[PDB]
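J.: Have a look at this fold, sequence not included:
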Ligand SMILES: *[C@@H]1O[C@H](CO)[C@@H](O[C@@H]2O[C@H](CO)[C@@H](O[C@@H]3O[C@H](CO[C@H]4O[C@H](CO)[C@@H](O)[C@H](O[C@H]5O[C@H](CO)[C@@H](O)[C@H](O)[C@@H]5O)[C@@H]4O)[C@@H](O)[C@H](O[C@H]4O[C@H](CO)[C@@H](O)[C@H](O)[C@@H]4O[C@H]4O[C@H](CO)[C@@H](O)[C@H](O)[C@@H]4O)[C@@H]3O)[C@H](O)[C@H]2NC(C)=O)[C@H](O)[C@H]1NC(C)=O
Ligand SMILES: *[C@@H]1O[C@H](CO)[C@@H](O[C@@H]2O[C@H](CO)[C@@H](O[C@@H]3O[C@H](CO[C@H]4O[C@H](CO)[C@@H](O)[C@H](O[C@H]5O[C@H](CO)[C@@H](O)[C@H](O)[C@@H]5O)[C@@H]4O)[C@@H](O)[C@H](O[C@H]4O[C@H](CO)[C@@H](O)[C@H](O)[C@@H]4O[C@H]4O[C@H](CO)[C@@H](O)[C@H](O)[C@@H]4O)[C@@H]3O)[C@H](O)[C@H]2NC(C)=O)[C@H](O)[C@H]1NC(C)=O
Ligand SMILES: *[C@@H]1O[C@H](CO)[C@@H](O[C@@H]2O[C@H](CO)[C@@H](O[C@@H]3O[C@H](CO)[C@@H](O)[C@H](O[C@H]4O[C@H](CO)[C@@H](O)[C@H](O)[C@@H]4O)[C@@H]3O)[C@H](O)[C@H]2NC(C)=O)[C@H](O)[C@H]1NC(C)=O
Ligand SMILES: *[C@@H]1O[C@H](CO)[C@@H](O[C@@H]2O[C@H](CO)[C@@H](O[C@@H]3O[C@H](CO)[C@@H](O)[C@H](O)[C@@H]3O)[C@H](O)[C@H]2NC(C)=O)[C@H](O)[C@H]1NC(C)=O
Ligand SMILES: *[C@@H]1O[C@H](CO)[C@@H](O)[C@H](O)[C@H]1NC(C)=O
């Protein structure tokens, strides 16, 4: 009596579950045949216009220190770095200990090395030219006698092939199908709480995979009041991600003209060393307009003193250790950079223009968690400049307690992983099922978004939304990205690239759960009607979920998304009752 | 009308041989966070919940099961899965090095040092090492030139084994992609090819424990209540017959000495592991076995020898020389290989009238193996610190009939060695892959309980039971199929390994196209469920002319397509055109 | 007669030109399976013998020769097939060392050599007995008796795995379901023209995936006279080709007995060179009768006249360079040939404006070949012991223009070589690929026994083409398992080494592009609501602004291929505006259903 069971195929309630993302690009504005080691010649053309609807009443917590998109792309970029390294040739025989003298200049930085090597198998020997500097050469047995690479005693070094470019491209991570992506718009979300002003979106936004440490550049601005985030403070063994509103923009350059000379080793082997030099050489200085840097720190200390009992807070430079960890390591214009940040944190303040960062460049790049493999870049000819907006910092607080009640800050840096978190804090993946379970007691203006929040009604419009979200679940051209008819004719690409793993992965996923819904409904009730009541039977013998309809007319689908996790037996027993009700009727017309 | 009103039928135990590829199935019992230190398996990534299967006991039927398709798939899979491990593993780059080998205190021919005089790959320095070595690993000249070198150097390259990985088996379960079935013969008293009397079916296999075994069958499965040997060609002396055992035979083996481990640096990412040093006692590894049980057991087996095949005399000569592997008994346990001179087992001779202490065997260890069908593949193992004690159940013996003259001695059964192919044949001896076409056609005379159910009777309603079979296919949540809940999540992050999931996605993508491939005919015929889909076609008796009785109760439906469903294919087209010329007349004229 | 509802159609046999991944077919694997080594170079699925090819001699649209699709896509295929077989083979790396060579005497083509070789660990051989041809060495100096490998600047070091042979297998390309291959039963129109008699074909006829220079082997024939294929600025300067009307054939010789000596190199590697020669050597030579050459070559003049009025002709020899297209290039016997055509084109024809009836060819062979489109990696070819006799048919040649004015009333046709692309671009000329858009839109009709195949109603009778739609479904885009799953489950699963060849990854790509289409078309049929039927009518008045045509022109004699280009402009309109009008009655339908 009263049936108490309906599937309600039109219900927008989610499951907090990871999946595999879907990759995308926007190379339709560029189409450069140089392949841009991230972009790898144009993933898929982006959408012309994405859509969002604010979902005002949902207030879900998002621990951004538990987001799987952090770790999932963490393997992806390394693998993208791993793949595009692989075909290009490696410096295996070039590991010989070498003599090396400095250049005529400063302070004896640049060093011209000479060395024997049997490059070819044609038995070659010659004192070959090689130009370096003191950041890649370790000395052996004395400061002045012997010289060798700081790596290749242990690691593996490889010359990346010069054709591809180190220019980060604004991409879109995007979800394949069915399951979607959430967005936190209200400000001051420190990363451990709930958030408000929440909308959803299919592809994220223009994400830029930048890699430099000790600062954050070309990231977002969040043009409001300043906010700073960290997983923890009292656990002082954590780190602080700083975010900044005011777009500080810093220009940097290489102060000299350079050429490209190659060492022709053997088959397919043309080692590109530092060719030559014309002019004088500087330390590639960076000027900041310090009055902004004098300014914006005073913004920070106000929004930090409050979090630690209006108490003394100061800045000290970081300690010793590793060049990737304490030095401002930097990459723009393709070529890498190190910069001494001591002129920025010599600043201890407690409440009442031009600059020179003597910078360095770095060629061979080790891993960040291993000792195994190391990547090498060729020198780029001529001069180069780079100017970019800088937004947000990376800071830690030292754990030792002093006898003043003050806090020493030393700048964080040394991880790939949390660098991407700053672009991901607004976002959360969620898994979508249109499935539902809700008893019926009743008779037996457009929202594009995937939520309507008024779960007190099933039926005023809460049925009508996923009707429109079913229109997502089938799409060909410009609705669904993958089933776009033009690119499928275009895509005769091999799958051995990380693309062809990730590309069809989404497509085989998209089809199967589309059929997975389709089978599981079709054996149990066809979707010709959205509400499945052929007097499908009542459940109050073991459901017993004590409620009446008018309090279901004032509720959310909150308990409704946690009835049949305790009682999924109810879901299964309607299947056999579907099986039991059909096994008597059809064979009755048979015999 | 008694005119043949054709009608489709969805749900019928239609069989055919097929050659498909399968998924794995196991438990998180011995998981312990090793899908990488385990073996090739990756701990068998998907999950077997529960062997909820139902067998069938209706009919006897010919199957000739010794000619199957699982066996050669397993030959490709495991060797590939062996390749999967060693591909990130390093390569021994100095191979045919000088190796000044000697050892102090002359048991002789024991473990020796060999003193590398090598150059590293990075620098240009020449250095000296110590390295412990068995006798079975080197090849000298003249016994005093110290010309010992690694045996498989001139064959091919030799790798190390990425020493963090173990070597135990795990009982796995081959599960077919659904829409299929797996058949098995368990009516007792049965051997090899020919018919059986049991139509018992399963969805997944039992716990195959795939150890690559030598001469004896090692903790696989025991036989039935009676010792039986499987059916082969008893002529031709080249079928290498194998007999199972009713009882189990138990043997434990152990190296008495304990050993340490060193690490020798070679080059970039090349720290090579060898035996460090030995503590005190240097006794050889032996293997003891109660001969009184062994004296008993062979008495049983020669009874089944003479009576089933030539009852006169039998001489167990040992196998003669040749292969270093086929002669001795190369046992694996503890993640460790060792060979065994089993000559102290077959010095027996048997007759009928004149018939009716725990022997120990000296075994010995080799550090190098080789591919058996190929010269191109060779492997190491890391020396395991300390001591290893592990036992084993013996489950069967591999036999070879020889001889050209017999009046002196009628039977020469030398202990047969393996091919590596037959070890699966020892365990896949009763299985067969069967595709199902659930659709089928037969006349109607009206126009317009287990997993297979009755292979003999009529279908009152048992087709409907075949539908829940046919629609579990991509449930996604329902736990019998593969449950697709942890089964999705275990692979969706790590499909990038591409050794086992490439089966699984191909298992996926085959399952869906057999779904739609069965749907497309249903979609075109407009049946779309309803399980019977009556039409109105008067069909000629050009094919079958029998009365309404015997077509309908006296005969079955597996035989039905064999007996007169012949050069048809056009019967499909006849019901195809009928519906279109119906609906066009129904819609744009009526 | 003015209800004028639109009607959905599924299976109107239309097509558009597209690009698609390919899919093999070779049922000769079931015929002969000698070894799995040519099959390692050429692994393929077996299909149904006796397919159904249906002739539709009404539609005669233009066939884009010289811009055709498949010439591109298979070209990059075969390089990867050659790359796939080469990668696990060894790389003869340290043999770039200089080679002290002496002359074997009993010309001076073949030469014995000796050099230093460092092995695996430690052994040094003084005089390795290495035997070499003339045309694989370079003098470091002219008076120097030391010689070096020619292309050893780059990766010459690859040598083939010697258990593998190199013999062509009749292969057939297939597109997956939803697609079709076309073929021109019109008798030898031109290069680039619309031809009348055409047909459908699922998978093409036998192809020998071979390579040749100024020559074509085992191709097709002309049922008519000799025909040619060309284009516009070919008449300015670009290579044209030759298709002879009937096959002439040569039988081309071997030297003698050969011996396959192995040379130890290192750990997992062993180089193979010619050990020993039994007897004295005759050069390899081909036999061909000049009378067969004489009779056909005047027909070439008849064709050069059927083009350039009746002007006379001179065949000077090809060029003064390019050692790869100055001679011939065969692969039979697992061996690469070169034959000087100097003795062949001592020809010039009559001004119409006999000794030794058979002719021999002084020929040579090289052990080392090299790719051309990129300077780089190169293959060594192993010696073949025994006898290397060979014979094949000649069916075609390739020719240049030689633009210019010298005598002002003559022309030179020095024979054309070419790239690798032309050899297929020759014999793929009848063939082109289309897709199917089986969804159809045409307005309603006012009124409320012979076999055809794939496109059997698409030729003509377009109102009557509305009958029999499902033959355009059942096997054509339905029946995914037709040759994609039917007979391949064993043998192309039986030992595919490393499980991912170039064919299977296409085949993986093949099966999904079927169902992505098939679900995706069903997706729209999901959205369109009229699903579970074949045709259906919605409730929207077709405005005459789309087509003010009289209804008899539609349902009797106007082609669906030009019907669609008339509706083409308003396609994105109807697709949107009718499903929302469907959604307009649907949002009232739940208002009728729920409320
Ligand atoms: C964070 O984001 C910021 C913001 O995007 C990045 O900073 C940008 O970095 C990009 C590249 O990294 C800069 O674009 C490059 O600028 C080069 C310098 O151009 C200036 O000088 C030239 C000559 O004096 C002027 O003509 C330029 O004026 C033009 O560009 C400006 C800026 O858009 C326009 O406003 C003007 O109207 C002009 O259109 C600039 O004043 C520039 O050389 C370079 O262009 C070459 O490279 C591109 C591909 O990169 C080629 O397609 C193109 O053909 C050029 O190639 C020629 O020159 C090179 C030079 O070596 C030769 O090698 C070639 O052979 C060929 O001759 C490109 O436009 C951009 O200016 C800069 N902007 C700012 C505000 O910083 C940061 O890099 C980024 N960092 C991180 C960590 O994310
Ligand atoms: C255009 O198309 C046509 C057809 O469409 C092509 O014609 C083909 O041309 C090739 C090349 O000539 C032929 O294949 C090769 O033939 C070689 C000659 O074989 C004959 O001589 C040898 C030596 O005396 C005999 O042994 C042969 O007889 C044996 O084989 C035939 C046929 O199988 C049987 O009937 C006999 O009973 C014998 O069994 C012939 O008389 C031949 O040497 C060569 O063969 C080997 O390679 C395969 C693996 O690839 C081995 O399995 C096989 O056993 C042979 O291997 C031996 O020889 C090699 C040589 O080095 C050694 O390395 C091995 O270790 C082993 O000792 C191959 O068969 C082909 O027959 C012919 N087909 C037709 C229909 O004419 C044109 O080539 C083609 N042209 C172009 C440009 O594409
Ligand atoms: C141009 O298209 C037309 C169709 O529009 C096409 O016509 C077909 O031509 C062939 C060849 O003349 C005909 O086929 C013959 O049919 C008879 C039976 O009626 C068979 O006996 C013949 O078989 C013999 O000859 C075959 C070789 O042609 C042998 O293979 C065979 O073993 C037998 O010896 C043969 O099949 C066919 O009937 C006509 N079709 C019609 C409609 O008339 C013509 O082929 C097309 N031309 C091009 C170049 O494709
Ligand atoms: C190929 O296409 C042609 C035309 O595209 C088809 O021929 C046409 O067939 C129709 C139907 O048979 C003919 O209409 C009838 O013609 C007869 C003869 O005059 C007449 O008596 C009838 O009253 C009716 O009008 C039509 O005339 C004819 N036209 C032409 C140009 O042939 C042909 O059937 C198609 N065949 C194949 C194999 O594709
Ligand atoms: C310039 O370099 C040369 C050669 O190394 C050296 O002898 C000389 O002292 C240098 N001079 C200056 C001004 O640095």
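T.: Looks like it arrived, so ask away. Numbering: from 1, shown residues only, chains lettered A, B, ... in the order given. Ligands and ions are numbered 1, 2, ... in the order given.
J.: Enumerate every residue touching residue A:293.
T.: A:248, A:344, A:355 (CB atoms under 8 Å, 6 or more residues apart in numbering or on different chains). For every residue, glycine as well, the C-beta is placed using N, CA and C.
J.: domain ranges for chain A?
T.: Per the record, chain A has its domains at A:1-95+A:152-210+A:424-591, A:99-151, A:212-252+A:280-369+A:381-415, by automatic domain parsing.
J.: picking up where we left off before, whichever of the contacts of residue A:293 end up buried, select them in ChimeraX.
T.: Buried members of the contacts of residue A:293 can be picked out in ChimeraX with the line below, counting by 16 or more other CB atoms under 10 Å in any protein chain shown:
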select /A:248,344
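J.: just the contacts of residue A:293 now: which is nearest ligand 2?
T.: Taking CB to the nearest ligand atom as the measure, ligand 2 sits nearest to residue A:248 out of those, at 69.7 Å.
J.: From chain B, how far out is the closest one?
T.: 38 Å (CB to the nearest CB, to the nearest Å).
J.: again, but for residue A:583
T.: 6 Å.
J.: Now do the contacts for that residue.
T.: B:461, B:464.
J.: Could I get the domains of chain A in TSV, plus columns for distance to ligand 3?
T.: Below are the domains of chain A laid out as TSV (distance: least, CB to the nearest ligand atom, whole Å):
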stretch	distance to ligand 3
domain A:1-95+A:152-210+A:424-591	29
domain A:99-151	57
domain A:212-252+A:280-369+A:381-415	59
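J.: Any idea which of the ones you listed gets closest to residue A:263?
T.: Of all those, domain A:99-151 sits nearest to residue A:263, with 6.2 Å by CB to CB.
J.: closest point of the stretch 401-550 of chain A to ligand 4, which residue?
T.: residue A:489 (29.0 Å).
J.: Report the secondary structure state of that residue.
T.: State at residue A:489, reduced to three classes by DSSP: H, G, I helix; E, B strand; the rest coil: helix.
J.: just the helices in the stretch 1-150 of chain A please.
T.: A:68-85 (DSSP state H, counting those that start in this stretch).
J.: Which part of it gets nearest to ligand 4, residue-wise?
T.: Counting by CB to the nearest ligand atom, the stretch 1-150 of chain A gets nearest ligand 4 through residue A:45, at 40.9 Å.
J.: Apart from its neighbours in sequence, what residue is nearest that residue?
T.: residue A:28 (5.2 Å; CB to CB, 6 or more residues apart in numbering or on different chains).
J.: just to revisit the earlier point, which residues does the residue of the stretch 401-550 of chain A closest to ligand 4 contact?
T.: Residue A:489 touches C:18-20, counting by CB under 8 Å, 6+ apart.
J.: Near chain B, which residues of the stretch 1-150 of chain A? Just list them.
T.: A:18-20, A:72, A:79, A:95-97 (CB under 8 Å from any CB of the partner chain).
J.: returning to what we had before: need the contact list for the residue of the stretch 1-150 of chain A closest to ligand 4.
T.: Counted by CB under 8 Å, 6+ apart, residue A:45 has contacts A:25-28, A:484, A:487.
J.: For burial, what's the neighbour tally of residue A:225?
T.: 10 (other CB atoms under 10 Å in any protein chain shown).
J.: my guess is it contacts residue A:244, does it?
T.: No: with contact defined as CB atoms under 8 Å, residue A:225 does not reach residue A:244; the gap is 10.8 Å.
J.: still on that earlier bit, list only buried entries from the residues of the stretch 1-150 of chain A next to chain B.
T.: Judged by 16+ other CB under 10 Å, buried ones among the residues of the stretch 1-150 of chain A next to chain B: A:18-20, A:72, A:95, A:97.
J.: Out of those residues, give me the two with the largest separation.
T.: A:19 and A:97 (51.2 Å).
J.: Just the endpoints, please. Distance across stretch A:259-271?
T.: 14 Å (CA to CA, to the nearest Å).
J.: ugh, wrong one, stretch A:580-591
T.: OK, stretch A:580-591 end separation, CA to CA: 18 Å.
J.: show me where chain A has helices.
T.: Applying DSSP state H to chain A gives helices spanning A:68-85, A:290-305, A:464-473, A:485-490, A:498-522, A:549-552, A:568-582, A:586-590.
J.: Can you tell me which of those is nearest to ligand 1?
T.: So among the helices of chain A, helix A:68-85 is nearest, using CB to the nearest ligand atom, at 14.6 Å.
J.: is any part of the closest one close to chain C?
T.: No: against chain C, helix A:68-85 shows no contacts by CB under 8 Å from any CB, the least distance being 15.7 Å.
J.: what's in contact with that helix?
T.: By CB under 8 Å, 6+ apart, the list of residues contacting helix A:68-85 reads A:18, A:20-21, A:37-38, A:40, A:64, A:158, A:160, A:164, A:173, A:209, A:375, A:416-418, A:420-421, A:424, A:427, A:429, A:497-498, A:502, B:493, B:496.
J.: now stretch A:154-161
T.: A:84-85, A:87-91, A:95, A:149, A:151, A:271-272, A:364, A:366-367, A:371-378, B:268-269.
J.: What's the PyMOL syntax to select whichever of the residues you listed are buried?
T.: Only the buried entries of the contacts of stretch A:154-161 go into this PyMOL selection, using 16+ other CB under 10 Å:
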select buried, (chain A and resi 84+85+89+90+91+95+149+151+271+272+364+366+373+374+375+376+377+378) or (chain B and resi 268)
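J.: which ones are touching residue A:415?
T.: With CB under 8 Å, 6+ apart, residue A:415 has these contacts: A:239, A:368.
J.: Kindly report the same for residue A:230.
T.: Per CB under 8 Å, 6+ apart, neighbours of residue A:230: A:190-191, A:238-241.
J.: What of residue A:88?
T.: By CB under 8 Å, 6+ apart, the neighbours of residue A:88 are A:158-161.
J.: report the longest strand in chain A, please.
T.: strand A:384-397 (DSSP state E).
J.: which helices and strands sit right next to that one?
T.: Counting contacts by 3 or more CB pairs under 8 Å, 6 or more residues apart in numbering or on different chains; DSSP states H and E, strand A:384-397 is packed against strand A:215-217, strand A:240-242, strand A:248-254, strand A:407-411.
J.: what about it and ligand 1, touching?
T.: Yes: applying CB under 6 Å from any ligand atom, one finds strand A:384-397 touching ligand 1 at A:386-388.
J.: picking that back up, filter the residues of the stretch 1-150 of chain A next to chain B down to the ones in strands?
T.: Going by DSSP E, the strands hold none of the residues of the stretch 1-150 of chain A next to chain B.
J.: No further questions, thank you.
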